[PDB]
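The structure appears right after this line, and notes come after that.
Cβ: placed from backbone, ideal geometry, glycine included. Neighbour counts: every protein chain shown. Bear in mind that the values in this text are calculations on the coordinates, not laboratory data.
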Amino acid sequence: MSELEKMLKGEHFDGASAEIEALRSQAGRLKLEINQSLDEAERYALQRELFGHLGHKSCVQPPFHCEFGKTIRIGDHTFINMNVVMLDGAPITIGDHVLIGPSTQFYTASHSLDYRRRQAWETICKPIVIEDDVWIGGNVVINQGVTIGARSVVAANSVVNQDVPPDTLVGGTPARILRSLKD
Amino acid sequence: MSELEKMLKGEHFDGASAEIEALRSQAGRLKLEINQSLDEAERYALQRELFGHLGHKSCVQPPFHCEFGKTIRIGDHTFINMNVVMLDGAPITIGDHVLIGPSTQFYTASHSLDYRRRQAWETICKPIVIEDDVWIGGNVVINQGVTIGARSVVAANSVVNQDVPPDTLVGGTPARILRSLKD
Amino acid sequence: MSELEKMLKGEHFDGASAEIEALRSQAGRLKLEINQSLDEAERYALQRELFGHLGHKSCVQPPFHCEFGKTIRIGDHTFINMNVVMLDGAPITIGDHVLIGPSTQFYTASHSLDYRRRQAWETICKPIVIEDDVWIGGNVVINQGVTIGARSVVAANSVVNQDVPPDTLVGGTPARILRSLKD
Amino acid sequence: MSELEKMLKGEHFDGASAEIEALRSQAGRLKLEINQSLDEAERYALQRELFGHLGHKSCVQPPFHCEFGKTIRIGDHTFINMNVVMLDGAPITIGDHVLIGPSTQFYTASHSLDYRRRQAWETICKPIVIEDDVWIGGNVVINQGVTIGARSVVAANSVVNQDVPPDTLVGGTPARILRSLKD
Amino acid sequence: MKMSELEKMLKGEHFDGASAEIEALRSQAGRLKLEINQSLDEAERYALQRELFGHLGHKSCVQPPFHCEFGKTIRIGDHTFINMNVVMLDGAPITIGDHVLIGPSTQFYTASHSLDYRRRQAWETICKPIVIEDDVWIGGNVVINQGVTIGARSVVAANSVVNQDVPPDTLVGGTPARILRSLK
Amino acid sequence: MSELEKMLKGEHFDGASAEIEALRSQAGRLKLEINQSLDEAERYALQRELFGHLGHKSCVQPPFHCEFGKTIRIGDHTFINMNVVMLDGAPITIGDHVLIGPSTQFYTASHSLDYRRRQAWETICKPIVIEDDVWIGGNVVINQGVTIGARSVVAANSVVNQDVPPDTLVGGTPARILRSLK
Ligand SMILES: CC(=O)SCCNC(=O)CCNC(=O)[C@H](O)C(C)(C)COP(=O)(O)OP(=O)(O)OC[C@H]1O[C@@H](n2cnc3c(N)ncnc32)[C@H](O)[C@@H]1OP(=O)(O)O
Ligand SMILES: CC(=O)SCCNC(=O)CCNC(=O)[C@H](O)C(C)(C)COP(=O)(O)OP(=O)(O)OC[C@H]1O[C@@H](n2cnc3c(N)ncnc32)[C@H](O)[C@@H]1OP(=O)(O)O
Ligand SMILES: CC(=O)SCCNC(=O)CCNC(=O)[C@H](O)C(C)(C)COP(=O)(O)OP(=O)(O)OC[C@H]1O[C@@H](n2cnc3c(N)ncnc32)[C@H](O)[C@@H]1OP(=O)(O)O
Ligand SMILES: CC(=O)SCCNC(=O)CCNC(=O)[C@H](O)C(C)(C)COP(=O)(O)OP(=O)(O)OC[C@H]1O[C@@H](n2cnc3c(N)ncnc32)[C@H](O)[C@@H]1OP(=O)(O)O
Ligand SMILES: CC(=O)SCCNC(=O)CCNC(=O)[C@H](O)C(C)(C)COP(=O)(O)OP(=O)(O)OC[C@H]1O[C@@H](n2cnc3c(N)ncnc32)[C@H](O)[C@@H]1OP(=O)(O)O
Ligand SMILES: CC(=O)SCCNC(=O)CCNC(=O)[C@H](O)C(C)(C)COP(=O)(O)OP(=O)(O)OC[C@H]1O[C@@H](n2cnc3c(N)ncnc32)[C@H](O)[C@@H]1OP(=O)(O)O
Ligand SMILES: [Cl-]
Ligand SMILES: [Cl-]
Ligand SMILES: [Cl-]
Ligand SMILES: [Mg+2]
């Protein structure tokens, strides 16, 4: 098993592995051009090379930050605001009609509580999934292995450690259910 | 009203309008020039092109992020630190002698909690107001239609959802009164 | 002493002092070079002009933002993620085997709660220390004068106002002890 | 005719026409994005937006300098090297299998020898045509109203003021016929 | 005080180019050229060009990319146009008059070196001024060498090398330039 | 013999070959980074990455354009001015104390005069050697397979098609011997 594939699969891996490093450069180069670009069509085009998928009529405002990019998939009519950071060692999958606030963070990557197990920067990545019609506010942290339920809202500055059921407003750190949005 | 007029006045608006798109383009350019400037006098002069007003002896440290620029009006002797983000569809007014920490966020924009009214990226913008002699901590979120009262202070990482009384210290998410700064 | 010395030592100072201005200017030039660099070897080289110290096999990810650069000393086998903000008017010292996640804030700077004592942008700087094997999550604030004890972990979106003991997990705003990590 | 129509036929046009003006700015935008492009596919795309035409499997090496772009038509399998300047007030047409060396110059524009006929920057433009299978060396000038005959070769540092016949080697300032290439 | 290493250069004496004053001006001009060259706003391009140059006149225009070393030694009159890709080595004054037209890729060399390889090893350099008078048309890809004066209302043929003062009301061409016609 | 190897050594080659495309892409990124840098020590550091070699106390002024970079070796105390273009399919070797002026072009590459043999962009690259203490003026073309003898000088706007003897001043298009400097 490739170190790359180990990373995507939530197992231990070497980050200096070559195919991974290359992915990382591809990503570095693209961020810089996208981020320094004033042509809207030019940014979208380069994002189709940066991202795993970028859907129709979706927008991702610069500056946008990520580590690998190809792991990220964005559906249709989806909008991501400025200054978003995604640690994308594992797949990040984003639905349709999703809104994401500024300075929001997606961290697939994580570490062990035991310092003896972090001395080689050992990391595990688990995927994040944002379902359709979700609204994530600004300055939010969504941690690894979380799924956000459809038609749900995450309040500004929340930290989401666990799944968010659908049709729901949640808030805080860690996030809690504030109200049901179901009819 | 023109679509631009509606956005300013807290009405529903068409984001794709030519007038709104011109200002968005102006802002993007000036933003990029300001964030890449090595020359402090050049940066000031560019920031006087971006913002609607920027007062006497005031400093805004790059990188600064905004959408339109023109609706932002800052007083004299006011310091805004690095990595600030402002969503300025609605006017943002900042008094004299204001201190704003790094990575602070100003969102004049919000969306409906009802997901069916989010599909066309419907947005409502209401102004934000910072009065004289306010100190705002880092990583703070300030939400729409909010007025921060004179000589108050906001704790780091607070999120402000409603007006902050003057001569007051507030903190937390959402912010609550912590102490009286009155004398 | 010189104004630079006063700032370092925790006393009021003159931010526009030619010595302090010059170092701020150095850092701004170096920051734009590093943040815009597509070469890792050059980037690292660059960072060693920017910082007081960068350790062996240590690493800092673009973009990175600080005021002065030369107050910051970073040890070996340490990794700092993207989009970090450091207000470094006073020394910030970071040990070996240290991890810092994206968008974390280190503030050495502070002002007084009395607005009358803030109208000249008066500021005190207190040193921040991070001891070996510490793990700091994403979107965290560490405030002035704080030491984080060896082998401790700070949860995401925490605000740390006072020292953290060794072998501990802390979280919340303000951060509270969550659990001993010892044994 | 439209001012753009005048220009494509090589008729006199108003250079400060709303339409021309817009073309000149579009070209300036694209020149910048093209010249600062680090992505091959996106560079070709931008190039097809600049030029009137850019044929299948052809190449234009950055940096490239031009005025309007849309007046330039390039055939199939034609390579244009680095640092080329084209004054494109009137049409420039390049055929299939053409090779153009670094720093070459194409001037459709010139002025009267009567200095009193130059005080308003009065300029007359005349079309250039490069036929199929031509090799233009480096550092060459091709003046206005010139047709370069098919399968012909123009030596380095040469200046061409009049039509060059097919199957021919020219060289010199002004270029003269060195030898016949037919056999 | 006494003559600066910058004075020496402008005055065609031998100078140390590594001197702090010279480097600062080279640094300033490098910053301004980059900003000028990638600039997308017209009003802004002129403002910066006014920061680059010693003087830039009313209704005058310099098309990016433009290359120069020091900038401040350059002076340009009113109603003057300079096209793209022009390079100026401007260790000494460069003075351009009114109603001047300069083609693309034209080179202005105020700099020079001795033909004795022994006198070139510390990169010894002497700069002598260039002066272009009113109403002159210089073609594209022309080289103009140090200490040259192009008299008023003259024309330099494309890709010409001008080694020597050029008479007013004259058309010149070739390498080195020679008189093609009186235009009087 | 690989495609990179054939290029370097004056045979036809597949320019889309992955080795060649690798080097070109690295050169493209570095050139842009160098040309857009205001930090002289940075450009120089970046340049040690781009070129085969870059000697002590040597200066290469931006903008500088080349195709591959690694085929270029430049010695100590050598100065290359602005906006120089180098087509470097074959090795380009430059000595100590050399001076190159603005907009000079070095073309290691060439083509056939027979159009039938250019229809696939066929290209042959032959090296160029500039010896110690040479002074090359501005707007000069140096064609492939040419050596410039030590302590020689090249007049501005010349095209050099053939080797230039040591201690000589040459000029013209094509370059002719003007005077001995010996
Ligand atoms: C696409 C773009 O970029 S948009 C730009 C960025 N904009 C945003 O981030 C906006 C984020 N929106 C907010 O956070 C809002 O305050 C919303 C969505 C939670 C609105 O809350 P509302 O339901 O309308 O009102 P309300 O203030 O009563 O909230 C209810 C509860 O949420 C709590 N709450 C409100 N805001 C937050 C918050 N940010 N974090 C945690 N809890 C919160 C309140 O304490 C209250 O608690 P309770 O259960 O004890 O009564
Ligand atoms: C503007 C610039 O350029 S500087 C750059 C950025 N720096 C910062 O943002 C610093 C922000 N300043 C603050 O957070 C400060 O801690 C202040 C203004 C609240 C000072 O309060 P102090 O009285 O000096 O400190 P202290 O920690 O003892 O206050 C205690 C109480 O405040 C509350 N508190 C402190 N910090 C926070 C916080 N970030 N959020 C919410 N509550 C907080 C705690 O609840 C605490 O306990 P309590 O509930 O029992 O009262
Ligand atoms: C170097 C880098 O760039 S790579 C990775 C960067 N990513 C990170 O920032 C990830 C952040 N990780 C965290 O914050 C985690 O939530 C941790 C480490 C604090 C705890 O995770 P776990 O122990 O595995 O799970 P768990 O949710 O059960 O934690 C336990 C308790 O901590 C508390 N807690 C968890 N997260 C937080 C938080 N963000 N703020 C405050 N308290 C928290 C919880 O209340 C929980 O409940 P309890 O106190 O009642 O027992
Ligand atoms: C498209 C790209 O990316 S790659 C191309 C980059 N490189 C080039 O531009 C190289 C330029 N090409 C050349 O110069 C051609 O080979 C030519 C025109 C010199 C022809 O070379 P050949 O004639 O085969 O060689 P040769 O030197 O023996 O013949 C030269 C004859 O023309 C003359 N001559 C040679 N070069 C030139 C020139 N550049 N200008 C004018 N005359 C020339 C010589 O005087 C001689 O003429 P003469 O005998 O009548 O007096
Ligand atoms: C300002 C802008 O940006 S415009 C863009 C750039 N455009 C240009 O550079 C245009 C340049 N124009 C020229 O080079 C022309 O050759 C001009 C100016 C000399 C005009 O020539 P004209 O007077 O119209 O006609 P003509 O060609 O007959 O000129 C006659 C003499 O010039 C000579 N000549 C023409 N071009 C050159 C040249 N490049 N070098 C040397 N001599 C030349 C002819 O040999 C002829 O000589 P002769 O009669 O003594 O034997
Ligand atoms: C490192 C850097 O940045 S380089 C700085 C930039 N400076 C330059 O590029 C300067 C270029 N130098 C030249 O052009 C010079 O004019 C040189 C090399 C020809 C030297 O000329 P000098 O010997 O000093 O004097 P002079 O001008 O009288 O030259 C005499 C011969 O040169 C010829 N000549 C002058 N310039 C040239 C030229 N550009 N091409 C061909 N021949 C020339 C004359 O025709 C004359 O020939 P003749 O006597 O056979 O009729
Ligand atoms: Cl939409
Ligand atoms: Cl001809
Ligand atoms: Cl020197
Ligand atoms: Mg010629």
Which value in deg cm²/dmol, rounded to the nearest 500, describes the helix-derived mean residue ellipticity at 222 nm for the protein assembly as shown, given -39,500 (n - 2.57) per DSSP H run of n ≥ 4 and division by the residue count?
-6000 deg cm²/dmol
Run the simple label-point estimate for D:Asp167 and D:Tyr44 please: 7 Å along Cα→C-beta, distance reported in nm.
3.5 nm
Could you work out the local net charge near B:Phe13, counting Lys and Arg as +1, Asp and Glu as -1, over the other residues with Cβ closer than 15 Å to its Cβ?
-3
Dipole moment magnitude, nearest 20 debye, the range D:83-183 about Cα centre, only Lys, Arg, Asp, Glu C-beta charged
440 debye
Tell me which of D:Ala18, D:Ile80, D:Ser180 sits at the most positive position along the dipole axis of the range D:2-183, charges placed on C-beta atoms (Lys, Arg +1; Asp, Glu -1).
D:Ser180
Say the cut-off is 23 Å between C-alpha atoms; which of B:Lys31/E:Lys33; A:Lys57/A:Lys126; B:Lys6/B:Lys70; B:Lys182/C:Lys6; E:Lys59/F:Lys31; A:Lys57/B:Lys9 go over it?
A:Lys57/A:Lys126; B:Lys182/C:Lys6; E:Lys59/F:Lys31; A:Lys57/B:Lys9
Peptide F:65-77: average number of partner chain Cβ atoms within 10 Å per residue?
1
List the GluC sites (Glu not before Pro) in the range F:1-79 that DSSP assigns to loop (not H, G, I, E or B) and whose Cβ has at most 14 other Cβ atoms within 10 Å. Which are they?
F:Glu11
Can you tell me the dipole magnitude for the protein assembly as shown around its Cα centre, using point charges on the Cβ only (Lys, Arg +1; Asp, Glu -1), in Debye to the nearest 20?
600 debye
For the F:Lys182, D:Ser112 Cβ pair and Förster radius 51 Å, calculated FRET efficiency rounded to 0.05 is 0.55
Per-residue Cβ counts within 10 Å, from other chains only, averaged over D:157-163: what number is that?
4
Can you give the Rg and Dmax of the range E:36-123 based on its C-alpha atoms, in angstrom?
14.5, 48
For the protein assembly as shown, the convex hull over Cα atoms projects on average to an area in nm² of 46.4 nm²
Assuming a ≥ b ≥ c are the square roots of the Cα gyration tensor eigenvalues, decide whether the range B:2-183 counts as rounded (a/c under 1.5), prolate (otherwise, with a/b larger than b/c) or oblate.
oblate
When the dipole is taken about the Cα centre of the range A:1-144, and only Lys, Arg (+1) and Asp, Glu (-1) are charged at their Cβ, what size is it in debye, to the nearest 20?
320 debye
Need one value for B:113-120: mean number of C-beta atoms belonging to other chains within 10 Å of its residues' C-beta atoms.
5
Ranked highest first by average number of other Cβ atoms within 10 Å, how do C:70-77, A:133-140 line up?
A:133-140, C:70-77
Total charge of the residues flanking A:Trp135 in space, meaning their Cβ is under 14 Å from its Cβ, with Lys and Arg +1 and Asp and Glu -1, is -2
